[PDB]
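Colleague: below you'll find the sequence and an experimental structure to go with it.
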Amino acid sequence: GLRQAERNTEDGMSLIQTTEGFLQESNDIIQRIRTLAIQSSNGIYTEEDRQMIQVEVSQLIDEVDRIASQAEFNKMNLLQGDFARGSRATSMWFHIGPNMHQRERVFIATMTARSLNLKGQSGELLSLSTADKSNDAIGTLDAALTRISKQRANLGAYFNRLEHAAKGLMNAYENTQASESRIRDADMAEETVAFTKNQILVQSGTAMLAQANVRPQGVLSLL
Amino acid sequence: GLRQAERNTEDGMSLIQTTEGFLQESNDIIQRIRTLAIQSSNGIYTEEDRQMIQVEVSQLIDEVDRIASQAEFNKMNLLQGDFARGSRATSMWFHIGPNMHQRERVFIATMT
Amino acid sequence: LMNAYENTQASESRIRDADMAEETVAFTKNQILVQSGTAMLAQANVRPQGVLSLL
């Protein structure tokens, strides 16, 4: 059980790292969006230039949604929110122990464009078409960065806890294996000594028996 | 009696070794929270940063409690205080000897 | 995609690739046990040889 639990913990660690992998790209894209919004707020650009910036924003919000709906693991989509706090669809657990309910729960919040305020509830994207609604567009991008960073911090906490659990599982496995060996495993030297003593005994006994069969022939001389 | 007592000694020794191995990782974790606390005391961090490192703090405290409640031996928990000094639940005696009595108590403090 | 590739390859190696250290340890233990077992079998083969001294 300890060996299997160590393996399971290390698999879950791999899962956490592969989720943080997509989280990194999401963070970088949101940061680029914030830089573009800072640029667009300037008063020297006309409406056409802001429209080009909006084309860029739409194009690299679409792939944010792409990572949200495609960041996957072994036949499990991760960032859709199936393993969120209030999610009903499913729950994610790690069996990190060798007996009964030695499990743990891991939460991954929604990371779709809707949840990050990059997309409206009706499907409209965050717009940089004019200065007025692009000046406050930063006020949603910093919140999106904060949410992404908070999820990353949660994932890192799970990472560290799973590392400590794996090390402890390995130590406990070694100690328990040693303890079991000291009870079931046989010491070769002492058992060999006993076997040699018994072998000498059986040879002596069979020699003495064989010489004991010839004892009663002495009476035959009387006849 | 002596032959069996030596086996009793070595199995109690194994139990002690297992307990120490369990406590090792808890010591390391507590060191980690101490480092995190020293980091958090700085005056440049904001409240949200302190909260997000408190996330890791909680994810370490629950690990400590998990280790305390799950560190087990042959059908007996150890770190939960069952074998403490004032503990009423049970007591531990190692029969390191070939005749009656010759037992020695071993105390394990609560680690919750 | 490159990041996902490296992470998923790490996971696959985690699940399938063998650890040479522990495998070598087990192999060594098994072959020592094999040597001891064949020595004991050879020794047990000549064990009933002491009976014929009675004849």
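Modeller: The structure has been received and is ready for your questions. Numbers count the residues shown, from 1 in each chain, chains lettered A, B, ... in the order given.
Colleague: where do the strands sit along chain A?
Modeller: Secondary structure of chain A by DSSP state E: the strands cover A:72-73, A:76-77, A:93-95, A:103-105.
Colleague: of all the ones you listed, which one is nearest residue A:140?
Modeller: Ranking the strands of chain A by proximity to residue A:140 (Cβ to Cβ) places strand A:76-77 first, at 24.8 Å. Every residue, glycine included, has its C-beta placed from N, CA and C.
Colleague: is that closest one up against chain C anywhere?
Modeller: No. Strand A:76-77 lies apart from chain C when judged by Cβ under 8 Å from any Cβ of the partner chain; the minimum separation is 12.4 Å.
Colleague: so what's the gap between that strand and the chain middle?
Modeller: 14 Å (Cα atoms, centre = their mean, to the nearest Å).
Colleague: with stretch A:9-27 instead?
Modeller: 8 Å.
Colleague: most packed of the strands of chain A?
Modeller: Most buried of these, by mean neighbour count (mean count of other Cβ atoms under 10 Å in any protein chain shown): strand A:93-95, with a mean of 17.
Colleague: what's in contact with it?
Modeller: If you take Cβ atoms under 8 Å, 6 or more residues apart in numbering or on different chains as the criterion, strand A:93-95 is touched by A:5, A:8, A:9, A:12, A:102, A:103, A:104, A:105, A:106, A:162.
Colleague: do that again at 7 Å, thanks
Modeller: With contacts defined as Cβ atoms under 7 Å, 6 or more residues apart in numbering or on different chains, strand A:93-95 is touched by A:5, A:8, A:9, A:12, A:102, A:103, A:104, A:105, A:106.
Colleague: so which other helices or strands are in contact with the longest helix along chain A?
Modeller: For chain A, the helix with the greatest residue count under DSSP state H is helix A:138-184. On a contact count with 3 or more Cβ pairs under 7 Å, 6 or more residues apart in numbering or on different chains; DSSP states H and E, helix A:138-184 meets helix A:2-40, helix B:2-40, helix B:47-70.
Colleague: in JSON lines: these, plus distance to residue A:78.
Modeller: Shown next, in JSON lines, are the helices and strands packed on helix A:138-184 (distance: least, Cβ to Cβ, whole Å):
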{"stretch": "helix A:2-40", "distance to residue A:78": "5"}
{"stretch": "helix B:2-40", "distance to residue A:78": "27"}
{"stretch": "helix B:47-70", "distance to residue A:78": "19"}
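Colleague: near chain B, which residues of chain A?
Modeller: By Cβ under 7 Å from any Cβ of the partner chain, the residues of chain A that approach chain B are A:97, A:102, A:146, A:149-150, A:153-154, A:156-158, A:160-161, A:164-165, A:167-168, A:171-172, A:175-176, A:178-179, A:182-183.
Colleague: buried stuff in stretch A:3-22?
Modeller: Within stretch A:3-22, the residues that count as buried by 16 or more other Cβ atoms under 10 Å in any protein chain shown are A:5-6, A:8-22.
Colleague: and for stretch A:70-84?
Modeller: A:71, A:78, A:79, A:80, A:81, A:82, A:83, A:84.
Colleague: nearest to chain C, of these?
Modeller: residue A:71 (7.9 Å; Cβ to the nearest Cβ).
Colleague: now do the same contact list for the residue lying closest to the closest one once chain neighbours are set aside.
Modeller: Nearest residue to residue A:71, sequence neighbours excluded (Cβ to Cβ, 6 or more residues apart in numbering or on different chains): residue A:22, at 4.1 Å. Neighbour list for residue A:22: A:67, A:71, A:79, C:4 [criterion: Cβ under 7 Å, 6+ apart].
Colleague: verify the stated contact: the third one with residue A:65.
Modeller: No. With contacts defined as Cβ atoms under 7 Å, residue A:79 does not count as touching residue A:65, sitting 10.3 Å away.
Colleague: which bits of chain A sit near chain C?
Modeller: A:10-11, A:14, A:17-18, A:21-22, A:24-25, A:203, A:206-207, A:210.
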